[PDB]
$ cat start.txt   # compact mmCIF, C-alpha atoms and all ligand atoms
# COMPACT_ATOMS: atom_id res chain seq x y z
CA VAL A 862 12.01 31.95 17.52
CA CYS A 863 13.81 29.90 14.82
CA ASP A 864 12.50 27.64 12.05
CA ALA A 865 11.67 24.17 13.33
CA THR A 866 12.20 21.00 11.35
CA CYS A 867 10.64 17.55 11.37
CA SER A 868 12.52 14.52 10.06
CA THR A 869 12.01 10.82 9.42
CA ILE A 870 15.39 9.39 10.40
CA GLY A 871 15.62 6.03 8.71
CA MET A 872 12.62 3.87 8.06
CA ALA A 873 10.67 4.02 11.35
CA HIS A 874 11.48 6.99 13.58
CA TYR A 875 10.22 10.55 13.80
CA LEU A 876 11.73 13.81 15.06
CA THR A 877 9.19 16.40 16.18
CA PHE A 878 9.49 20.17 15.96
CA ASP A 879 10.19 20.80 19.63
CA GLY A 880 12.53 17.79 19.38
CA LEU A 881 11.36 14.34 20.39
CA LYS A 882 12.66 11.15 18.86
CA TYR A 883 10.22 8.29 19.16
CA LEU A 884 9.58 4.93 17.56
CA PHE A 885 6.62 4.11 15.31
CA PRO A 886 6.76 1.22 12.85
CA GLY A 887 3.59 1.58 10.83
CA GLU A 888 2.34 0.20 7.55
CA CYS A 889 -0.83 2.22 6.87
CA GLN A 890 -0.99 5.82 5.62
CA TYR A 891 -0.43 8.42 8.33
CA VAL A 892 -0.82 12.15 8.92
CA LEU A 893 2.69 13.55 9.23
CA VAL A 894 1.29 17.02 9.95
CA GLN A 895 -1.66 19.28 9.14
CA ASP A 896 -3.39 22.52 10.09
CA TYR A 897 -7.02 21.31 10.30
CA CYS A 898 -6.76 20.80 14.04
CA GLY A 899 -9.67 21.60 16.34
CA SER A 900 -10.77 25.17 15.58
CA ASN A 901 -8.83 26.35 12.51
CA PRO A 902 -9.41 26.59 8.74
CA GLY A 903 -7.36 23.58 7.61
CA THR A 904 -5.04 24.99 4.96
CA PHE A 905 -2.44 22.23 4.41
CA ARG A 906 -2.68 18.50 5.06
CA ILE A 907 0.72 16.90 4.43
CA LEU A 908 0.46 13.11 4.67
CA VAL A 909 2.88 10.22 4.52
CA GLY A 910 2.31 6.64 3.45
CA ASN A 911 4.60 3.67 3.94
CA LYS A 912 4.37 0.14 2.57
CA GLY A 913 6.15 -2.86 4.03
CA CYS A 914 8.10 -0.84 6.56
CA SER A 915 7.36 -2.32 10.00
CA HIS A 916 10.73 -4.09 9.77
CA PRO A 917 13.24 -1.74 8.07
CA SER A 918 14.81 -3.25 4.97
CA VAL A 919 15.68 -2.50 1.33
CA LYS A 920 11.84 -2.37 0.94
CA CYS A 921 9.77 0.51 2.43
CA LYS A 922 9.37 2.87 -0.48
CA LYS A 923 7.48 5.88 0.88
CA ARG A 924 4.55 7.73 -0.66
CA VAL A 925 3.98 11.38 0.17
CA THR A 926 0.73 13.20 -0.67
CA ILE A 927 0.57 16.89 0.25
CA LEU A 928 -2.70 18.80 0.07
CA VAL A 929 -2.45 22.60 -0.01
CA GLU A 930 -4.51 25.27 -1.81
CA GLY A 931 -6.90 22.57 -2.97
CA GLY A 932 -4.02 20.87 -4.78
CA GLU A 933 -2.73 17.32 -5.00
CA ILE A 934 0.99 17.00 -5.69
CA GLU A 935 2.63 13.77 -4.59
CA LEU A 936 5.93 11.97 -4.97
CA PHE A 937 7.43 8.49 -4.86
CA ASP A 938 9.91 6.35 -6.79
CA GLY A 939 12.35 9.22 -7.37
CA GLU A 940 10.14 11.85 -9.02
CA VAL A 941 7.34 14.19 -8.04
CA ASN A 942 3.89 13.98 -9.65
CA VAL A 943 1.13 16.58 -9.87
CA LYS A 944 -2.36 15.11 -9.76
CA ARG A 945 -4.26 18.39 -9.31
CA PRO A 946 -2.52 21.77 -9.75
CA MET A 947 -3.29 24.29 -7.05
CA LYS A 948 -4.84 27.70 -7.74
CA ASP A 949 -2.03 30.05 -6.58
CA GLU A 950 0.79 28.68 -8.72
CA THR A 951 2.82 31.78 -7.77
CA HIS A 952 4.19 30.45 -4.47
CA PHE A 953 4.87 27.02 -6.01
CA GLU A 954 8.54 26.22 -6.56
CA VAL A 955 10.69 23.11 -7.00
CA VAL A 956 14.51 23.01 -6.72
CA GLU A 957 16.13 19.69 -7.65
CA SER A 958 19.53 20.68 -6.24
CA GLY A 959 21.83 17.79 -5.41
CA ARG A 960 20.39 14.78 -3.61
CA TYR A 961 17.34 16.75 -2.53
CA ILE A 962 13.99 17.96 -3.75
CA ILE A 963 13.51 21.29 -2.02
CA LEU A 964 9.89 22.27 -2.31
CA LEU A 965 8.35 25.58 -1.28
CA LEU A 966 4.60 26.04 -1.01
CA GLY A 967 4.13 29.50 0.49
CA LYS A 968 5.52 32.16 2.75
CA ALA A 969 5.58 29.83 5.79
CA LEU A 970 6.10 26.30 4.49
CA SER A 971 8.78 24.13 2.82
CA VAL A 972 9.62 20.46 2.34
CA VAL A 973 12.79 18.43 1.64
CA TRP A 974 13.21 14.88 0.33
CA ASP A 975 16.42 12.92 -0.17
CA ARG A 976 14.86 10.91 -3.02
CA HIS A 977 14.98 7.76 -0.84
CA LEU A 978 13.19 8.17 2.55
CA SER A 979 13.79 11.42 4.43
CA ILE A 980 10.90 13.83 4.98
CA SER A 981 11.91 17.14 6.58
CA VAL A 982 9.10 19.74 6.49
CA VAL A 983 10.15 23.20 7.68
CA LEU A 984 7.83 25.82 9.18
CA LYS A 985 8.22 29.47 10.15
CA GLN A 986 7.23 31.71 13.09
CA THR A 987 3.71 32.09 11.67
CA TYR A 988 1.92 29.16 13.28
CA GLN A 989 3.13 28.73 16.89
CA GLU A 990 0.54 26.12 17.92
CA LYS A 991 -1.69 25.91 14.87
CA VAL A 992 -0.86 22.32 13.80
CA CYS A 993 -1.02 18.72 14.95
CA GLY A 994 -0.23 15.24 13.73
CA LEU A 995 2.81 13.06 14.26
CA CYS A 996 5.30 15.95 14.57
CA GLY A 997 3.23 17.47 17.37
CA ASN A 998 1.95 20.97 17.94
CA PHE A 999 4.95 23.31 17.44
CA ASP A 1000 4.66 25.17 20.75
CA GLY A 1001 8.13 24.92 22.31
CA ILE A 1002 6.83 22.50 24.92
CA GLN A 1003 8.42 19.15 24.17
CA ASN A 1004 6.43 16.65 26.27
CA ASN A 1005 3.09 17.58 24.67
CA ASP A 1006 4.08 16.16 21.27
CA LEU A 1007 2.09 13.00 22.09
CA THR A 1008 -1.32 14.72 21.95
CA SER A 1009 -3.34 12.12 20.06
CA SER A 1010 -6.21 12.97 17.71
CA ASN A 1011 -8.64 12.38 20.58
CA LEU A 1012 -6.99 15.31 22.49
CA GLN A 1013 -4.98 13.71 25.26
CA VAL A 1014 -1.35 12.89 25.96
CA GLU A 1015 -0.23 9.29 25.64
CA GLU A 1016 2.99 7.60 26.90
CA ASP A 1017 3.43 4.73 24.42
CA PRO A 1018 3.95 6.25 20.93
CA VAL A 1019 2.94 3.05 19.16
CA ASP A 1020 -0.60 3.87 20.32
CA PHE A 1021 -0.12 7.52 19.31
CA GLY A 1022 0.37 7.10 15.58
CA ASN A 1023 -2.39 4.51 15.43
CA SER A 1024 -4.76 7.39 16.17
CA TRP A 1025 -3.45 9.42 13.22
CA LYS A 1026 -3.87 6.90 10.41
CA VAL A 1027 -6.15 7.80 7.52
CA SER A 1028 -7.76 4.47 6.66
CA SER A 1029 -9.45 3.75 9.98
CA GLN A 1030 -10.01 0.10 8.99
CA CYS A 1031 -6.46 -0.91 8.01
CA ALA A 1032 -3.97 -2.43 10.44
CA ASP A 1033 -2.98 -0.91 13.74
CA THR A 1034 0.59 -1.86 14.48
CA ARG A 1035 1.57 -4.35 17.16
CA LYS A 1036 3.17 -3.49 20.50
CA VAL A 1037 6.63 -5.04 20.15
CA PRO A 1038 8.41 -6.44 23.24
CA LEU A 1039 11.06 -3.84 23.95
CA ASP A 1040 14.71 -4.89 23.78
CA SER A 1041 18.02 -3.31 22.80
CA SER A 1042 18.48 -5.83 19.94
CA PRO A 1043 16.10 -5.95 16.92
CA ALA A 1044 15.14 -9.11 15.03
CA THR A 1045 18.48 -10.12 13.49
CA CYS A 1046 20.76 -8.75 16.23
CA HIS A 1047 18.55 -10.54 18.77
CA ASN A 1048 20.65 -13.49 20.03
CA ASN A 1049 23.42 -12.66 17.52
CA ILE A 1050 25.77 -10.72 19.86
CA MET A 1051 28.67 -10.98 17.32
CA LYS A 1052 26.95 -9.00 14.57
CA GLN A 1053 25.77 -6.44 17.14
CA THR A 1054 29.32 -5.36 17.86
CA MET A 1055 30.30 -4.92 14.22
CA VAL A 1056 27.29 -2.60 13.77
CA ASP A 1057 27.91 -0.92 17.15
CA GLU B 270 -22.36 -12.04 -11.05
CA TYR B 271 -23.99 -10.48 -14.12
CA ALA B 272 -24.47 -7.25 -12.18
CA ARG B 273 -20.78 -6.85 -11.38
CA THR B 274 -19.57 -7.98 -14.81
CA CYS B 275 -21.46 -5.12 -16.43
CA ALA B 276 -20.30 -2.74 -13.70
CA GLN B 277 -16.63 -3.44 -14.39
CA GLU B 278 -17.07 -2.58 -18.07
CA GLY B 279 -17.78 1.08 -17.27
CA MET B 280 -21.60 0.82 -17.24
CA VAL B 281 -23.15 0.37 -13.81
CA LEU B 282 -26.72 -0.69 -12.98
CA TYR B 283 -28.91 0.41 -10.08
CA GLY B 284 -31.55 -0.89 -7.70
CA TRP B 285 -31.83 -4.25 -9.44
CA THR B 286 -32.09 -6.13 -6.13
CA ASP B 287 -35.22 -4.18 -5.13
CA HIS B 288 -37.59 -6.64 -6.84
CA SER B 289 -35.20 -9.57 -7.43
CA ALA B 290 -36.11 -11.12 -4.04
CA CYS B 291 -32.46 -11.91 -3.29
CA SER B 292 -29.98 -9.71 -1.43
CA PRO B 293 -26.39 -10.84 -0.76
CA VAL B 294 -25.61 -11.70 2.84
CA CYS B 295 -23.98 -9.17 5.17
CA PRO B 296 -23.62 -8.90 8.96
CA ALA B 297 -26.10 -7.02 11.14
CA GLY B 298 -26.68 -3.30 10.72
CA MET B 299 -25.89 -3.25 6.99
CA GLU B 300 -27.44 -4.47 3.76
CA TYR B 301 -26.36 -4.48 0.14
CA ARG B 302 -26.04 -1.00 -1.31
CA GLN B 303 -24.70 -0.52 -4.83
CA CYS B 304 -21.81 1.85 -5.61
CA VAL B 305 -20.81 2.93 -2.13
CA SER B 306 -17.53 4.76 -1.74
CA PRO B 307 -14.73 2.62 -0.27
CA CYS B 308 -13.64 5.48 2.01
CA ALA B 309 -16.48 4.97 4.44
CA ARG B 310 -16.51 7.93 6.80
CA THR B 311 -16.39 6.15 10.16
CA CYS B 312 -16.46 7.30 13.78
CA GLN B 313 -12.80 7.53 14.87
CA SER B 314 -11.88 9.32 11.66
CA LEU B 315 -10.10 12.46 10.55
CA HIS B 316 -12.33 14.80 8.55
CA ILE B 317 -10.34 14.91 5.31
CA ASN B 318 -11.63 14.95 1.74
CA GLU B 319 -10.59 15.00 -1.95
CA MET B 320 -7.94 12.35 -1.52
CA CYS B 321 -10.31 9.41 -2.05
CA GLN B 322 -10.84 9.86 -5.77
CA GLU B 323 -10.89 6.06 -6.12
CA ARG B 324 -13.51 4.38 -8.26
CA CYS B 325 -16.89 3.44 -6.84
CA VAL B 326 -17.36 -0.08 -5.49
CA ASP B 327 -20.27 -2.33 -4.59
CA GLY B 328 -20.84 -3.67 -1.10
CA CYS B 329 -23.00 -3.32 1.97
CA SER B 330 -22.65 -0.26 4.18
CA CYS B 331 -24.33 1.57 7.04
CA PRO B 332 -27.40 3.85 6.89
CA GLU B 333 -27.16 7.59 6.24
CA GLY B 334 -25.89 8.40 9.73
CA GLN B 335 -24.98 5.46 11.96
CA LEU B 336 -21.21 5.63 11.61
CA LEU B 337 -19.02 2.54 11.73
CA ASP B 338 -17.16 1.49 14.87
CA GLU B 339 -15.51 -1.95 15.01
CA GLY B 340 -17.59 -3.94 12.55
CA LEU B 341 -20.99 -2.47 13.43
CA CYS B 342 -23.05 0.60 12.62
CA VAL B 343 -23.62 2.96 15.56
CA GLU B 344 -25.27 6.36 15.82
CA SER B 345 -23.09 9.45 15.45
CA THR B 346 -23.93 10.76 18.92
CA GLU B 347 -22.33 7.76 20.66
CA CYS B 348 -18.89 8.14 19.10
CA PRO B 349 -16.39 7.03 21.80
CA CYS B 350 -12.85 8.16 22.47
CA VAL B 351 -9.73 6.04 22.99
CA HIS B 352 -6.65 5.97 25.22
CA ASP C 106 0.94 -21.19 10.25
CA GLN C 107 0.69 -18.48 12.94
CA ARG C 108 -2.82 -17.06 13.06
CA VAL C 109 -2.61 -13.27 13.03
CA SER C 110 -5.25 -10.68 13.84
CA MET C 111 -6.90 -8.50 11.22
CA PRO C 112 -6.26 -5.99 9.59
CA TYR C 113 -2.65 -6.64 8.57
CA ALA C 114 -0.25 -4.86 6.24
CA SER C 115 3.11 -6.65 6.00
CA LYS C 116 5.30 -6.81 2.89
CA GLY C 117 3.20 -4.34 0.93
CA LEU C 118 -0.01 -6.37 1.29
CA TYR C 119 -2.73 -4.48 3.12
CA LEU C 120 -5.27 -7.03 4.36
CA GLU C 121 -8.34 -4.94 5.02
CA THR C 122 -12.14 -5.04 5.08
CA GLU C 123 -14.18 -2.90 2.68
CA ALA C 124 -17.96 -2.49 2.72
CA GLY C 125 -18.20 -5.28 5.28
CA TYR C 126 -16.33 -7.55 2.85
CA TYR C 127 -12.71 -8.61 3.09
CA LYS C 128 -9.98 -7.25 0.81
CA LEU C 129 -6.36 -8.02 -0.05
CA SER C 130 -4.50 -5.30 -1.96
CA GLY C 131 -1.15 -5.62 -3.72
CA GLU C 132 -1.04 -2.40 -5.74
CA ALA C 133 2.76 -2.56 -5.81
CA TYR C 134 2.44 -6.06 -7.28
CA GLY C 135 -0.61 -5.08 -9.33
CA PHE C 136 -3.59 -6.95 -7.96
CA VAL C 137 -6.56 -6.55 -5.64
CA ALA C 138 -8.39 -9.58 -4.26
CA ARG C 139 -11.43 -9.80 -2.01
CA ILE C 140 -14.16 -12.09 -0.76
CA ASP C 141 -17.81 -11.55 0.15
CA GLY C 142 -19.85 -12.96 3.02
CA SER C 143 -21.18 -15.92 1.05
CA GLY C 144 -17.80 -16.67 -0.50
CA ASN C 145 -17.14 -15.44 -4.02
CA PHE C 146 -13.49 -14.94 -4.88
CA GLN C 147 -12.73 -11.92 -7.04
CA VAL C 148 -9.43 -10.75 -8.54
CA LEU C 149 -8.79 -7.32 -10.02
CA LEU C 150 -5.54 -7.13 -11.95
CA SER C 151 -3.78 -4.43 -13.93
CA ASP C 152 -3.13 -4.16 -17.66
CA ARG C 153 0.58 -4.83 -17.07
CA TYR C 154 0.09 -8.60 -17.45
CA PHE C 155 -1.70 -8.37 -20.82
CA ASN C 156 -0.83 -11.78 -22.42
CA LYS C 157 1.12 -12.84 -19.26
CA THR C 158 -0.81 -14.43 -16.34
CA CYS C 159 -1.66 -17.97 -17.46
CA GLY C 160 -3.56 -20.00 -14.90
CA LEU C 161 -7.13 -20.84 -13.89
CA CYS C 162 -8.58 -17.39 -14.65
CA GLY C 163 -6.92 -17.55 -18.08
CA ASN C 164 -4.78 -15.04 -19.91
CA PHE C 165 -5.47 -11.30 -19.95
CA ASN C 166 -5.94 -10.97 -23.70
CA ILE C 167 -8.81 -9.59 -25.76
CA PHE C 168 -10.02 -12.97 -27.01
CA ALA C 169 -12.13 -15.34 -24.93
CA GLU C 170 -11.94 -18.64 -26.85
CA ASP C 171 -8.12 -19.19 -26.69
CA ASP C 172 -7.85 -18.59 -22.93
CA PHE C 173 -7.33 -22.28 -22.11
CA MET C 174 -3.53 -22.53 -22.50
CA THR C 175 -2.39 -25.32 -20.19
CA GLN C 176 0.68 -25.44 -17.96
CA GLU C 177 2.33 -27.04 -20.98
CA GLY C 178 0.71 -24.53 -23.33
CA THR C 179 -1.99 -26.35 -25.28
CA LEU C 180 -5.31 -25.03 -26.54
CA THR C 181 -7.86 -27.49 -25.12
CA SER C 182 -11.57 -27.88 -25.81
CA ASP C 183 -12.45 -29.11 -22.31
CA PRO C 184 -12.90 -26.55 -19.49
CA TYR C 185 -12.26 -29.39 -17.00
CA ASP C 186 -8.91 -31.11 -17.54
CA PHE C 187 -7.49 -27.61 -18.04
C1 LIG D 1 0.68 -13.33 -26.92
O1 LIG D 1 1.87 -13.99 -26.49
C2 LIG D 1 2.23 -15.04 -27.38
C3 LIG D 1 3.34 -15.87 -26.78
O2 LIG D 1 3.30 -15.68 -25.37
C4 LIG D 1 2.63 -14.45 -28.73
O3 LIG D 1 2.94 -15.59 -29.54
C5 LIG D 1 1.47 -13.65 -29.29
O4 LIG D 1 1.84 -12.94 -30.48
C6 LIG D 1 0.93 -12.65 -28.26
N1 LIG D 1 -0.29 -12.04 -28.77
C7 LIG D 1 -1.48 -12.16 -28.16
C8 LIG D 1 -2.67 -11.61 -28.89
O5 LIG D 1 -1.60 -12.69 -27.06
CA CA D 2 4.88 20.14 21.64
CA CA D 3 -8.70 -14.56 -22.15

$ encode --input "start.txt" --output "structure tokens"
Amino acid sequence: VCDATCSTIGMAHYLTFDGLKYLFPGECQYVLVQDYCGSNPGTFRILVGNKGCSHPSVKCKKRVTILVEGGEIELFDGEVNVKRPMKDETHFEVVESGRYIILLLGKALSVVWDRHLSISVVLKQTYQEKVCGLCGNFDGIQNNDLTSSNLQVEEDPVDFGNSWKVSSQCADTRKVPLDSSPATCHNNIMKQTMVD
Amino acid sequence: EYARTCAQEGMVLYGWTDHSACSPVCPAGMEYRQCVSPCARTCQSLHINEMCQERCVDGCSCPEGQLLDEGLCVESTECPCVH
Amino acid sequence: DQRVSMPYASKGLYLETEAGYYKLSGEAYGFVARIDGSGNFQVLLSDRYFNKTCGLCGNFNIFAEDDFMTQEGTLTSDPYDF
């Protein structure tokens, strides 16, 4: 079995490990992925936090806070920032090669960041169903990547991510009326074909 | 006001409302604590820690148990689920 | 004019409730407002506007006597016409 790969294509979409594009415009802070899931120690707790990103625009600067080995290293606005160095500095590593910030954290973990929005965490063979969050469980089964925090499969992913937010008193996002044209392209058929 | 003004300056005060015979209004289930954490551990919550290193803030909050669920305090045993 | 539900988080303005009291955060724009149950407006604001924000809560300087600088810019003795 090969190394899976999340992604955050554009402002509001998510690609799971097993491979499942789905839509989730949120504005609160959300659990991209973690290990503390049911009956396990809880080693790493990668998070993601967006601001003004329910409608994609030149706005929506992300904030990423990753919690491993009792550490707190986070990044936004181009650079990375350490708030609490972790104990085992040996596995730590940062490679600012090209557009990206490649970022190792251990034998079986890695992260990538295009300095603008993309978040592509990369895992190894080690876990094989030890995680949960937005990216799902990493089991090979692709339809069980909507297993909400309350341990059931949903069908409408807008209700999925609302379970995984951190601040349980901030805003749950609104079920949008589905349509093939977003806000501007809605009733502007001309512009739709120049983008198409 | 004088309580908060001194609190903001880096020097908090405690329990002053015990004998003052005036507590600020709050809805049912809660009354005015002093220096409660903003990250109130509620019912439908993920058990995560040492991210909420924010400063300590005044305001009314639930009893020791009695977790929050939709604007009221409710006992930890009766935590619902959602679908 | 459209009444929305609560909470609400558009445009980088989380509109939340903390400690049973309502909050409005603008950390990108450097302010945190809130209200209590009785009604007591409060405004927390960064050090970035030191000697900037002139208005009804006065400038963010060190002094406290000179913080009536009108919309023209005029030190006034009356806390009322200001
Ligand atoms: C404040 O700003 C004014 C003009 O805006 C300037 O004249 C003054 O030197 C500054 N100093 C203080 C203490 O505000
Ligand atoms: Ca899966
Ligand atoms: Ca002043």

$ closest_residue --input "start.txt" --among "C:180, C:173, C:107, C:113" --to "ligand CA 3 (chain D)" --atoms "only C-alpha atoms and all ligand atoms"
C:173

$ interface_residues --input "start.txt" --of "chain C" --to "chain A" --cutoff "12 Å" --atoms "all atoms listed in the file" --output "PyMOL selection string"
chain C and resi 109-134

$ residues_around --input "start.txt" --residues "residue 957 (chain A)" --least-positions-apart "3" --cutoff "12 Å" --atoms "all atoms listed in the file" --output "PyMOL selection string"
chain A and resi 939-941+954+960-965+972-976

$ residues_near_ligand --input "start.txt" --ligand "ligand CA 2 (chain D)" --cutoff "12 Å" --atoms "only C-alpha atoms and all ligand atoms" --output "PyMOL selection string"
chain A and resi 865+876-881+989-1009+1014

$ residues_around --input "start.txt" --residues "region 306-312 of chain B" --least-positions-apart "6" --cutoff "8 Å" --atoms "only C-alpha atoms" --output "VMD selection string"
(chain A and resid 1028 to 1029) or (chain B and resid 321 323 to 326 336 to 338 345 348) or (chain C and resid 123 to 124)

$ interface_residues --input "start.txt" --of "chain B" --to "chain A" --cutoff "7 Å" --atoms "all atoms listed in the file" --output "NGL selection string"
:B and (314-315 or 350-351)

$ write_last_selection --input "start.txt" --atoms "C-alpha atoms" --output "PDB file, in the frame of the given file"
ATOM      1  CA  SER B 314     -11.880   9.320  11.660  1.00  0.00           C
ATOM      2  CA  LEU B 315     -10.100  12.460  10.550  1.00  0.00           C
ATOM      3  CA  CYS B 350     -12.850   8.160  22.470  1.00  0.00           C
ATOM      4  CA  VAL B 351      -9.730   6.040  22.990  1.00  0.00           C
TER       5      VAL B 351
END

$ closest_residue --input "start.txt" --among "C:186, C:177, C:141, C:170" --to "chain B" --atoms "all atoms listed in the file"
C:141

$ decode --input "start.txt" --residues "region 911-932 of chain A" --atoms "N, CA and C atoms" --output "CSV table (one decimal), in the first residue's frame"
chain,number,residue,atom,x,y,z
A,911,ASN,N,-10.0,28.6,8.7
A,911,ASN,CA,-10.3,29.6,7.7
A,911,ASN,C,-11.0,30.8,8.2
A,912,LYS,N,-10.9,31.9,7.5
A,912,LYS,CA,-11.6,33.1,7.9
A,912,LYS,C,-12.1,33.8,6.6
A,913,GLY,N,-13.4,34.1,6.6
A,913,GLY,CA,-14.0,34.7,5.4
A,913,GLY,C,-13.7,33.8,4.2
A,914,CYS,N,-14.3,32.6,4.2
A,914,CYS,CA,-14.0,31.7,3.1
A,914,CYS,C,-15.2,30.9,2.7
A,915,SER,N,-16.4,31.3,3.1
A,915,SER,CA,-17.6,30.6,2.6
A,915,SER,C,-17.9,30.9,1.2
A,916,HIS,N,-17.6,32.1,0.7
A,916,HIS,CA,-17.6,32.4,-0.7
A,916,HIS,C,-16.1,32.6,-1.1
A,917,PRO,N,-15.6,31.7,-2.0
A,917,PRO,CA,-14.2,31.9,-2.4
A,917,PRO,C,-13.9,33.3,-3.0
A,918,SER,N,-12.8,33.9,-2.6
A,918,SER,CA,-12.4,35.2,-3.1
A,918,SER,C,-10.9,35.4,-2.8
A,919,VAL,N,-10.5,36.6,-3.1
A,919,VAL,CA,-9.1,37.0,-2.9
A,919,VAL,C,-8.7,37.0,-1.4
A,920,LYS,N,-9.8,37.0,-0.5
A,920,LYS,CA,-9.8,36.8,0.9
A,920,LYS,C,-9.5,35.3,1.2
A,921,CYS,N,-9.9,34.9,2.4
A,921,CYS,CA,-9.7,33.5,2.8
A,921,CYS,C,-8.2,33.2,2.9
A,922,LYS,N,-7.5,33.9,3.8
A,922,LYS,CA,-6.2,33.5,4.3
A,922,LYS,C,-6.4,32.4,5.3
A,923,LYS,N,-5.7,31.2,5.1
A,923,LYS,CA,-5.8,30.1,6.0
A,923,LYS,C,-4.9,30.3,7.2
A,924,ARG,N,-5.3,29.5,8.3
A,924,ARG,CA,-4.4,29.4,9.5
A,924,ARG,C,-4.3,27.9,9.8
A,925,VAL,N,-3.1,27.4,10.0
A,925,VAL,CA,-2.8,26.0,10.2
A,925,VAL,C,-2.1,25.8,11.5
A,926,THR,N,-2.6,25.1,12.4
A,926,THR,CA,-2.0,24.8,13.7
A,926,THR,C,-1.9,23.3,13.9
A,927,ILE,N,-0.7,22.8,14.0
A,927,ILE,CA,-0.4,21.4,14.0
A,927,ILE,C,0.3,21.1,15.4
A,928,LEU,N,-0.3,20.0,16.0
A,928,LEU,CA,0.0,19.7,17.4
A,928,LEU,C,0.5,18.3,17.5
A,929,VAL,N,1.9,18.2,17.6
A,929,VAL,CA,2.5,16.9,17.6
A,929,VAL,C,3.7,17.0,18.6
A,930,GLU,N,3.9,15.9,19.4
A,930,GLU,CA,4.9,15.8,20.4
A,930,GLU,C,4.8,17.0,21.4
A,931,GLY,N,3.6,17.3,21.8
A,931,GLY,CA,3.3,18.4,22.7
A,931,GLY,C,3.8,19.7,22.2
A,932,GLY,N,4.0,19.9,20.9
A,932,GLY,CA,4.4,21.1,20.3
A,932,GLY,C,3.3,22.0,19.8
